[PDB]
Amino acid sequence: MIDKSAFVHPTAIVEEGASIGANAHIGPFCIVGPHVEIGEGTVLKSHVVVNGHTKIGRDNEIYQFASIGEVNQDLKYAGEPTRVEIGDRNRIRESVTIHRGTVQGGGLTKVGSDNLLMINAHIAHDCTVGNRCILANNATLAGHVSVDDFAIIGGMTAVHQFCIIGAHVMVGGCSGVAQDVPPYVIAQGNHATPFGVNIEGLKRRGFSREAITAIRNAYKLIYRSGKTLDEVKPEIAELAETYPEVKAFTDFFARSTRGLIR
């Protein structure tokens, strides 16, 4: 049902069954499917298509020509009732596309809160984007990709299927990410390789001098010590016993399946 305080433009089409929260705004020429839930205060500027079993949070701003919850591009998808979940206060720009998941991939494409998805950014089926992330113009996430908190993906960069972009990572524009990127790392080029720690990002997010140094030492263990990953893992876990921020590496390794970029 549509909340009494929500605004639905006369030219917009909200199908019976859709749930529109208080003070939400559905601009002209928008289409909202019957299985869609739009949270309180969320705004759909105009020309926005939202369908499928999709739940959108509060205070989001979705711009014209964006396509949310739409059928994915996986050739295996056959119309199964999969889903999309989007959090709060996200800024979804013109032409962004966020597709529903596939049964084979888990049936869910998820986006957190406080993210900025710039023009033509693409979030394919079964992706999981965290919070406070930035996908720049034309940034493209292939299916089954994970983008962790605070990560920034440069313009025209494509992340290959199943890859993980660690927390606080910064991927340079015009890049091709074919493997997993540990947290706190700066990567760039096709295929992408590591170029150090995102020090400036960590500074702005409140990390102490000690944590940043610990993180740099962890980085050196992985890419400088020359010791195989399995010999480095226990070393990093050891380091994390004193500097908690380093556990991010540990949690990341447990999820990695594509190997680390090098």
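The first residue of the shown sequence is 1; numbering continues from there.
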187 to 195 versus 144 to 152 - greater average Cα B-factor per the deposited record: 187 to 195
Selected stretch [higher average CA B-factor]: 82 to 90 or 172 to 180: 172 to 180
Largest Cα B-factor, entry values, listed residues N60, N51, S225, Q64: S225
Position of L202 among the chain's modelled residues by C-alpha B-factor, lowest, middle or highest third: middle
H99 - which third its CA temperature factor falls in, relative to the rest of the chain: lowest
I236 CA temperature factor, ranked by third within the chain: highest
CA B-factor ranking of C30, expressed as a third of its chain: lowest
B-factor third for the C-alpha atom of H47 within its chain: lowest
